[PDB]
């Protein structure tokens, strides 16, 4: 098309608001204050191609998975309205996170102001992913006891809202604060260790590891700590500058870790429900 033609550019030519990873040396999209060109650029090769498509493709996937769940027969659930509301909040959190992300990774190169607004929606989406993922997990983990279930819900929501308020600070988006983000969100998700200690302290290592939770929760902490480590350390683009530029750089692998992470997490709480059903609502 002879409308909105652009070329990829090296890092040095990017304005300071687009310059974020000095290991992605070429393949950058230039500032294009046209969302027409921005959304058309989804069908182009560049540093954000994979970022766009992993969370764009992953967003339609959670959208389908969250629609199909809503239309599940109500005999499957002990309390289908309640049980569907808890999963619903996880699914919305998963959908919003991926949407804010693929939208931001798309309209990113548009302007400084636009990238500034959508990056704050992008960060905020991570916090809503963690918050929402806790809701069905606490519903089944603290099923027969609601004093911790209520407290831990407020704890994850008070922490998540703080993370979301800290995401509005413009320093938080700078590449000097990259480690601070990987710690802020990593801390948010790892704070689940509080209710894990508490659950284990009252059910015991038998009632906790027999029911898969311990084996699953560890893999989840692996995905969380390995994943955040990649983002903050910029691996592998640190070891192969200008070679891992279009495919397989850290932000791209991190997207895969987020979609995979939210799938492992869904399959986990979709087991706590398959189990709570095989036992009914007894206390």
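Numbering follows the first chain given and starts at 1.
A.B. asks: Look up the CA B-factors in the entry and say which stretch, 91 to 99 or 197 to 205, has the higher mean.
C.D. replies: Stretch with the higher mean C-alpha B-factor: 197 to 205.
A.B. asks: Can you tell me which stretch has the higher mean Cα B-factor, 159 to 167 or 207 to 215?
C.D. replies: Taking the mean B-factor of the alpha carbons in each, 207 to 215 is higher.
A.B. asks: Looking at 29, 243, 26, 44, which one carries the largest C-alpha B-factor according to the PDB entry?
C.D. replies: Most elevated C-alpha B-factor of the set, per the entry: 243.
A.B. asks: Lowest, middle or highest third: where is residue 115 by Cα B-factor in its chain?
C.D. replies: It falls in the middle third of the chain.
A.B. asks: Hey, what third does residue 39 fall into on Cα B-factor, ranked over its chain?
C.D. replies: Its C-alpha B-factor, which the entry lists for residue 39, ranks in the lowest third among residues of this chain.
A.B. asks: According to the PDB entry, is the CA B factor of residue 227 in the bottom, middle or top third of its chain, that is, lowest, middle or highest?
C.D. replies: Middle third of the chain for residue 227's C-alpha B-factor.
A.B. asks: Test of reading the entry: by CA B factor among the chain's modelled residues, which third contains residue 64?
C.D. replies: Tercile = middle for this residue's CA B-factor.
A.B. asks: Ranking the modelled residues of this chain by C-alpha B-factor as given in the entry, is residue 104 in the lowest, middle or highest third?
C.D. replies: Its C-alpha B-factor, which the entry lists for residue 104, ranks in the lowest third among residues of this chain.
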